[PDB]
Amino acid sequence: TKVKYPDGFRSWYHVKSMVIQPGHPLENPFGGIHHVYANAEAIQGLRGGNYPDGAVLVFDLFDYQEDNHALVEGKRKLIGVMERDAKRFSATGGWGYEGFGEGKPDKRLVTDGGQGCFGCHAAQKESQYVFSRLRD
């Protein structure tokens, strides 16, 4: 019933990126520069298919340093992970939600079976609980 650590996600397709600066509603704990990655199965859902079991999306969050009006990536803060399994994760709309502190497999962040994550993602039910959209 645990989300698997998504080994090798850095080699996956880069969906998009966004900077969340101090003052943003999501600052705690998602402040920083994040990159969204999708495995092959998740790309099927992002393209307008149904997300297959085994789809994984990763929210890869870095600290940044503002230096002379450049925002420069610092250390990895955490990753967020969504793992599709319609049966195993039925209580949170078919996605398992986990966080890994500093992107380390032994630093699991979710302590409520992913209900809090799901509570916010639920608004995106019509896009299968996923915020990020494919871009060129």
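Numbers for residues come from their place in the sequence shown, where the first is 1.
For the pair 30-38 and 89-97, the record assigns the higher mean C-alpha temperature factor to 89-97. Between the stretches 121-129 and 15-23, it is 121-129 that shows the larger average CA temperature factor. In the PDB entry, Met82 places in the lowest third of its chain by CA B-factor. When all modelled residues of the chain are sorted by CA temperature factor, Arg76 is found within the lowest third. Among all modelled residues in this chain, the alpha-carbon of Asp63 has a temperature factor (C-alpha) in the middle third.
Ranked by Cα temperature factor within the chain, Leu109 sits in the middle third according to the deposited record.
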